[PDB]
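Which chain is which? The protein sequence lines are A and B, in order. Quick note on numbering: the deposited numbering labels position 171 of the first sequence as 171, and the sequence is numbered without any gaps. Quick note on numbering: the deposited numbering labels position 57 of the second sequence as 57, and the sequence is numbered without any gaps. Here a beta-carbon is modelled for each residue, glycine too, at the ideal position from N, C-alpha and C. One structure is given below, encoded as C-alpha cells.
There are 2 protein chains.
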Amino acid sequence: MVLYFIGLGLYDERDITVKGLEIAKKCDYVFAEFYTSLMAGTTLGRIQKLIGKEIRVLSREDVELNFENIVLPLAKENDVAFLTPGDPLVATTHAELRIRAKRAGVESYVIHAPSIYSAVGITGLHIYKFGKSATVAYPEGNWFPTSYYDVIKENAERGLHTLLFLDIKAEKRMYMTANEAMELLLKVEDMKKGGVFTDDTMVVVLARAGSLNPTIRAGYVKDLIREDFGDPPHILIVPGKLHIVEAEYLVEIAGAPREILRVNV
Amino acid sequence: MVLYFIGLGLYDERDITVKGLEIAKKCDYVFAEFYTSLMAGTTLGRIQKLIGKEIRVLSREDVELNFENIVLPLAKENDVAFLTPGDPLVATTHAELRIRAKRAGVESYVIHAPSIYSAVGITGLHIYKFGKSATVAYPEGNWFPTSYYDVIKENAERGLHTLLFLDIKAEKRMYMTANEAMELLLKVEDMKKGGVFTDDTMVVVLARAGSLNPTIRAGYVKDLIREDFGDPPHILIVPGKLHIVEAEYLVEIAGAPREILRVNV
Ligand SMILES: Nc1ncnc2c1ncn2[C@@H]1O[C@H](CSCC[C@H](N)C(=O)O)[C@@H](O)[C@H]1O
Ligand code: NA
Numbered sequence: 001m002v003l004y005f006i007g008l009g010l011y012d013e014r015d016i017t018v019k020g021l022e023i024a025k026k027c028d029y030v031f032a033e034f035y036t037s038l039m040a041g042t043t044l045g046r047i048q049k050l051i052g053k054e055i056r057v058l059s060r061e062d063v064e065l066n067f068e069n070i071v072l073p074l075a076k077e078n079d080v081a082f083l084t085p086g087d088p089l090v091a092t093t094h095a096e097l098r099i100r101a102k103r104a105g106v107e108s109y110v111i112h113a114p115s116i117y118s119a120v121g122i123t124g125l126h127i128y129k130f131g132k133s134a135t136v137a138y139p140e141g142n143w144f145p146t147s148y149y150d151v152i153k154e155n156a157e158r159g160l161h162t163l164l165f166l167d168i169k170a171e172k173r174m175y176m177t178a179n180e181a182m183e184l185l186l187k188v189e190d191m192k193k194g195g196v197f198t199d200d201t202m203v204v205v206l207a208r209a210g211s212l213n214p215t216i217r218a219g220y221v222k223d224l225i226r227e228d229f230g231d232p233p234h235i236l237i238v239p240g241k242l243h244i245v246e247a248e249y250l251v252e253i254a255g256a257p258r259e260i261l262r263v264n265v
Numbered sequence: 001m002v003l004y005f006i007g008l009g010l011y012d013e014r015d016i017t018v019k020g021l022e023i024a025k026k027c028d029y030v031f032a033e034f035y036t037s038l039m040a041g042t043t044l045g046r047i048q049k050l051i052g053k054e055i056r057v058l059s060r061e062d063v064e065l066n067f068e069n070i071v072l073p074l075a076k077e078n079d080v081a082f083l084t085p086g087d088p089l090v091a092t093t094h095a096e097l098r099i100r101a102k103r104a105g106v107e108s109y110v111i112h113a114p115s116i117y118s119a120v121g122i123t124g125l126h127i128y129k130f131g132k133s134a135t136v137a138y139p140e141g142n143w144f145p146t147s148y149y150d151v152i153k154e155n156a157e158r159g160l161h162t163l164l165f166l167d168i169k170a171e172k173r174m175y176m177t178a179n180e181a182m183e184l185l186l187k188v189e190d191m192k193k194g195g196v197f198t199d200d201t202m203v204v205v206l207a208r209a210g211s212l213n214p215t216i217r218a219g220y221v222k223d224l225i226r227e228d229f230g231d232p233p234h235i236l237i238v239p240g241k242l243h244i245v246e247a248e249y250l251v252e253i254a255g256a257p258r259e260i261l262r263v264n265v
C-alpha cells in the first residue's frame, strides 16, 4: 500500500543504489518516465531485466495530468514504484507528486540516486561555490528564452559558478548539446551585450557523467563551441572566480589553457 | 593499474550503487575515509560485510598528506578502491586527489552515489534556487567565524536558498545539531544585526537523508530551535522567498505551519 519514488542514476541501470534495487525488485507494479533526462548507457530492456519486472513507461502528459489516475490507484492495494533518471526530485517537478500521493491517502518513500547536480564535483570546481542554477531552453517559434543569461551574470558578479542544465525534447529524441547551448548564449549576448557570455568566456563541459569515461572539457568558448564532446546528455558550466586548485584540476584533467591558472584574483 | 573513487551514498550500506559495489568487489585493495562525514545508518562492519572485502580506514592525514604513499603505490599493479560517504569529489579537497593520481601515472575513475547536495531535493525546495553553500562552524578560543552568516544574507537577498552543513568532529563522533546551529546563528545575528537570522526566520531541517524514514521539518526558528529532530547528522536550510509549490510541499510533507503560505511566498 505504498509508492516508491526511485532514482536510476546518471548513465546506466547500474547507477541505481542497492537500496533502490532491492525495493524495486519486490514491488508489485513498476512505472517510470524517461523524459526528464537521458540515460545514455542503458535501455529499457536492460533496466527491466535488472529489476526483474515489466516497466510501464509514462509520458509527461500521463504523469503531469494523470498520475493520480494511472499510478496512485494501484498504490492502494499494492507496492508501487515510479522510476526516473538521476535523482527523482532534482530539477523536475516530481516533488509535487508526493502531495498528490498524500492527498490520495498513499504513503510515499524516496530512494535517491546519483544526480548530475552533485556529479559536477568531477569537474574539479568546488561544489559549494556554485550559485543559482539555470536551464538553456530551446527557442520555439518567435519565443526566445533568455533568463538563463541573467543567472550567469548574477553568479559571476558574486564570483560563483553557474550550472546550466540543457534542454530536452524526448518525444523528438532531441538533446541539446553544449555546443548548441553556447551558440544560443552568444546570440543572447549579442542582444543584451552585458559582458556575460563571449568568445573569451571560459566554460566547462561535462558529458555523459556516470559513464566510465565521461567527457570533461574546459576552455574558451571560441575554441570549444565547435569541439565534439560526444553523445548527450551534456551540461554547460560557466565558472565564476576560480581557486588555484580548481584551475589546476581543470588544466591537468579537463585540458584547460594553462593561462587560467592566473586566477587574476 | 587503476584507482576507483567510489561513493558510499547517504545513510547506510545499501546507499552505494550497484556499479559501485561490483567494482569494489573486483578491487584488490579497498580504502575508505569517514572524516568528511559518517554513515550514521550503518557501521564499518556492515559495509565490510556487504562489500565482502577488507576495508582499510584512512585518517584525514593519511589522505591529505600521504595519499600518494598509501593508496597510489598499490594502484600500480592492482585495482584499488577509495570509498567516501556521499558522492566522490564533493568534499572540497578530494578532486585534487585525482591530480595526485595522474602525476603518479595512475588512472582513476569516479563511481557516483547520492549526495546531500541533491538529496535535499526531498525538502520540496527547487534545486535551481539554491545559492552558495556554507558550513556552520563552532567558535574556538578567540576565533569567531561568521562568513556562513553572510552566505545566507547574500543568497536570501537574491531569493536563493542556503544549504548549511553543520560542524562535525569525525574522530570524536560529535555532531552539531540543527538546534545548536540555530542558537549560533541567533548569536551571530545579535552581533552583526543584519536582519538575516531571527526568531521569525523560516528554516527547514533534514535529518537521516537516505533512510526510508528521514526527518523533514519546516517552520519558524522560535518554534523549531528547541524541537527534537532525532539522531544526527542534521542539515539546516534557510530558504529564500518560496514558490507557492515549494510552500505547499513543506506544509503537506514537512508539517510546516499554514502561515508560510502567506508570509514566505
Ligand atoms: N549523466 C549526465 N551527464 C551530463 N548531463 C546530464 C546528465 N544527466 C542529466 N544531465 C543534465 O540534466 C538535464 C536533465 S535535468 C533532470 C536531472 C536529474 N533529476 C538528475 O538528478 O540528474 C539534461 O538535459 C542534462 O543537461
Ligand atoms: Na549548490
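Rounded straight-line distance, which links the Cα of residue j to that of residue i
i                : j                : result
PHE197 (chain B) : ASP190 (chain B) : 9 Å
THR43 (chain B)  : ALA137 (chain A) : 44 Å
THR92 (chain A)  : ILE225 (chain A) : 28 Å
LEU185 (chain B) : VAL205 (chain B) : 14 Å
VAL251 (chain B) : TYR128 (chain B) : 20 Å
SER37 (chain A)  : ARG158 (chain B) : 28 Å
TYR4 (chain A)   : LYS19 (chain A)  : 11 Å
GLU96 (chain A)  : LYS222 (chain A) : 41 Å
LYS192 (chain A) : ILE152 (chain A) : 13 Å
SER59 (chain B)  : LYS25 (chain B)  : 22 Å
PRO233 (chain B) : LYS187 (chain A) : 46 Å
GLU183 (chain A) : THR201 (chain A) : 13 Å
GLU140 (chain A) : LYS169 (chain A) : 12 Å
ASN213 (chain B) : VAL106 (chain A) : 15 Å
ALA178 (chain B) : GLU227 (chain B) : 9 Å
DSSP three-state assignment for residue i, whether helix, strand or coil
i                : result
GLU227 (chain B) : coil
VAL110 (chain A) : strand
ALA134 (chain A) : strand
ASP150 (chain A) : helix
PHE67 (chain B)  : helix
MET176 (chain B) : coil
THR123 (chain A) : helix
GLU77 (chain B)  : coil
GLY195 (chain A) : coil
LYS26 (chain A)  : coil
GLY86 (chain A)  : strand
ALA91 (chain A)  : coil
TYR35 (chain B)  : coil
Closer than 9 Å to chain B by CB, residue i
i                : result
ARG217 (chain A) : no
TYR35 (chain A)  : no
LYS132 (chain A) : yes
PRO88 (chain A)  : yes
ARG14 (chain A)  : yes
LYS26 (chain A)  : no
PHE165 (chain A) : yes
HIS234 (chain A) : no
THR43 (chain A)  : no
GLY52 (chain A)  : no
Check: residue i C-beta below 8 Å from any heavy atom of ligand 1
i                : result
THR42 (chain B)  : no
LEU212 (chain A) : no
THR93 (chain A)  : no
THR123 (chain B) : no
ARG208 (chain A) : yes
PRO233 (chain A) : yes
Inter-residue CB distance, residue i and residue j (contact presumed, cutoff 8 Å)
i                : j                : result
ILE235 (chain B) : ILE122 (chain B) : That belief does not hold up - the Cβ atoms of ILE235 (chain B) and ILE122 (chain B) are roughly 11 Å apart, past 8 Å.
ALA209 (chain B) : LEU10 (chain B)  : 5 Å
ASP79 (chain B)  : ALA113 (chain B) : Contact doesn't hold; Cβ gap of about 19 Å is too wide.
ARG14 (chain B)  : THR84 (chain A)  : No, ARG14 (chain B) and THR84 (chain A) are not in contact; Cβ-Cβ is about 19 Å, not under 8 Å.
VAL238 (chain B) : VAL263 (chain B) : Not confirmed; about 15 Å, so no contact.
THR162 (chain B) : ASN155 (chain B) : 5 Å
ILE23 (chain A)  : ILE47 (chain A)  : Not a contact, Cβ separation roughly 14 Å.
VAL2 (chain B)   : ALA75 (chain B)  : 6 Å
Chain A contact for residue i (CB, 9 Å cutoff)
i                : result
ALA40 (chain B)  : no
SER147 (chain B) : no
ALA119 (chain B) : yes
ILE237 (chain B) : no
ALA104 (chain B) : no
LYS129 (chain B) : yes
Any non-hydrogen atom of ligand 2 closer than 8 Å to residue i Cβ
i                : result
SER115 (chain A) : no
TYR128 (chain A) : yes
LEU236 (chain B) : no
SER133 (chain B) : yes
Residue i beta carbon near ligand 4 (any heavy atom closer than 8 Å)
i                : result
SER147 (chain B) : Although ligand 4 was asked about, the structure shown includes only ligand 1 and ligand 2 as ligands.
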